[PDB]
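Data first, discussion second: the structure below is written as structure tokens.
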Amino acid sequence: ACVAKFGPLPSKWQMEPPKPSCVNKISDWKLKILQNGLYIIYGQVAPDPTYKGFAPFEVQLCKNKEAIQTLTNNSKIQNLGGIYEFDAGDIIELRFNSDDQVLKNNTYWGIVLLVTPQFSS
Amino acid sequence: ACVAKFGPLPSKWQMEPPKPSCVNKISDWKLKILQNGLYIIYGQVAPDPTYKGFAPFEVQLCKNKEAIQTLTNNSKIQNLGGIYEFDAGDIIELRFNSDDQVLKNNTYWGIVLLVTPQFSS
Amino acid sequence: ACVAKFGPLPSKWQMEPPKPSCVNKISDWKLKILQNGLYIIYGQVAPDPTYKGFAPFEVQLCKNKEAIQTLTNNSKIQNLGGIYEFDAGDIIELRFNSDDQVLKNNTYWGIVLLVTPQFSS
């Protein structure tokens, strides 16, 4: 298999196998797809109920800097999930309207390679 | 593989294999996760269009007594699905605002173990 | 494995393997389930931002002519995904409120057979 998870802090990128064929970590919360195919994304976003800043609550799962999912409920932990066809070179990341509006010690996301069809490239 | 389905009535828990490593049935609509890992949940909730009771329509998929999904549309059969990381000991159940507001003979839910990453424990 | 994808145009049905055990193509955007089991559906719906017709924007994923998902946002590409238990003979299709309100050259859907439990038949 090929799976990866970022977080929750203090854990960073956890890849199985450690140098997987399907993805490459770029930086915290961000990876690059290496293998064309169908991927399942999962995750958990934990709002900080004591947030004291300016930003509306919003967490975005992004593909090449564009939000493919947006989570906007600040009252509960929200789970995310999806199935997507990705191309080699696609950049996938979880982005926060403010770092301070989530509990990073209870927030994570990951990815599982499901299949690699010829039609995905 | 490791898969389980409850219902629709009169079927109860259907586990494959019959004593699976990944989950244990507890009672109708309720199971316990035995193996840390990534699970896909699926299901179908069929409202009873002749319900005559007091409760608003709501069906909850719950993890340790907390709703991780809520279905509130009483006009159509609703499908549920999700991908989740669960821990051994987690209790997963489908809960109804009223037993009488769903057609249990057309309502079911189940679970499929997808992968068991080291990072899930 | 057993996977299929329709589109985006000019690609039509792409099945792997080419004559798969699990599904049979019927016509553009439409297939028939041959094997009882749990399937993951995925897809992408690209609205045409220059649509000049009469219909409200709506794209339906249908099972036996009934919409199991509806996509109604004309402002962005929308991804679809779901996990479903299907029966042999079920007809699955993507249906548009108007052919002219989507960009068929950037719209596709597909299916992956996940497992074939005895309880699915």
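Below, chains carry the letters A, B, ... as their sequence lines are ordered, and counting in each starts from 1. Both backbone and side-chain heavy atoms feed into the values below; hydrogens, waters and symmetry mates do not.
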Checking the side chain of [X] only, and the main-chain atoms of [Y] only, is there a donor and an acceptor separated by less than 3.5 Å?
X	Y	answer
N36(C)	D87(C)	no
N97(B)	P56(B)	yes
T107(B)	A46(B)	yes
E16(B)	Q118(C)	yes
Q78(A)	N73(A)	yes
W109(A)	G7(A)	no
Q69(B)	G81(B)	yes

Exercise for the section: Any salt bridge (charged side-chain N to carboxylate O under 4.0 Å, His left out) involving residues 47-64 of chain A? Give me the pairs, sequence neighbours left out, ordered by first then second residue. Expected result: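 As it turns out, the salt bridge (charged side-chain N to carboxylate O under 4.0 Å, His left out) pairs with a partner in residues 47-64 of chain A, which skip direct neighbours, are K63(A)-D90(A).
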* Please check if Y42(B) and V3(B) belong to a single hydrophobic cluster, counting links between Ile, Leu, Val, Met, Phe, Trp and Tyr side chain heavy atoms closer than 4.5 Å. =>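 Per the 4.5 Å side-chain linkage, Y42(B) and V3(B) are co-clustered.
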Test: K5(B) and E85(C) ion pair at under 4.0 Å: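 Salt bridge present between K5(B) and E85(C).
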task = Start with the C-alpha gap between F57(A) and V102(A), add the side-chain angles, then the distance that decides, and say whether side chain to side chain contact (heavy atoms under 4.5 Å, CB included) holds.
result = CA-CA 9 Å; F57(A) 185 82; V102(A) 292; 4.0 Å; yes
Rounded to the nearest 0.5 Å, what separates atom [atom1] in [X] from atom [atom2] in [Y]?
X	Y	atom1	atom2	answer
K12(C)	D28(C)	NZ	CG	4.0 Å
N106(C)	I77(C)	CG	CD1	5.0 Å
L114(A)	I40(B)	CG	CD1	7.0 Å
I41(B)	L61(B)	CD1	CG	4.5 Å
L113(C)	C22(C)	CG	SG	5.0 Å
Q60(B)	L71(B)	CD	CG	9.5 Å

Please determine whether the number of non-hydrogen atoms from other residues, nucleotides or ligands lying under 6.0 Å from atom NZ of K104(C) exceeds 12.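 Enclosed.
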Between [Y] and [X], is there a side-chain heavy-atom distance shorter than 4.5 Å?
X	Y	value
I92(C)	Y39(C)	no
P49(B)	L103(B)	yes
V23(B)	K25(B)	no
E93(B)	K65(B)	yes

For [X] against [Y], the heavy-atom pair lying closest together:
X	Y	answer
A55(C)	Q101(C)	O-NE2, 3.4 Å
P117(B)	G37(B)	CD-CA, 4.1 Å
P47(B)	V45(B)	CD-O, 3.5 Å
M15(A)	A4(A)	CG-CB, 3.9 Å

Could you walk me through whether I83(A) and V112(C) satisfy the side chain to side chain contact (heavy atoms under 4.5 Å, CB included) test, starting with their C-alpha distance in whole Å, then the side-chain angles of each, then the deciding distance to 0.1 Å, before giving a yes or no? CA-CA 11 Å; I83(A) 174 82; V112(C) 178; 6.0 Å; no
Checking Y108(A), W29(A), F6(A) against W13(A) for ring-ring contact (aromatic ring centres under 6.0 Å, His included), the one that qualifies is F6(A)
- Only one of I68(C), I33(C), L38(C) forms a side chain to side chain contact (heavy atoms under 4.5 Å, CB included) with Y84(C), so which one is it?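 That would be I68(C); it is the only one of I68(C), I33(C), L38(C) passing the side chain to side chain contact (heavy atoms under 4.5 Å, CB included) with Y84(C).
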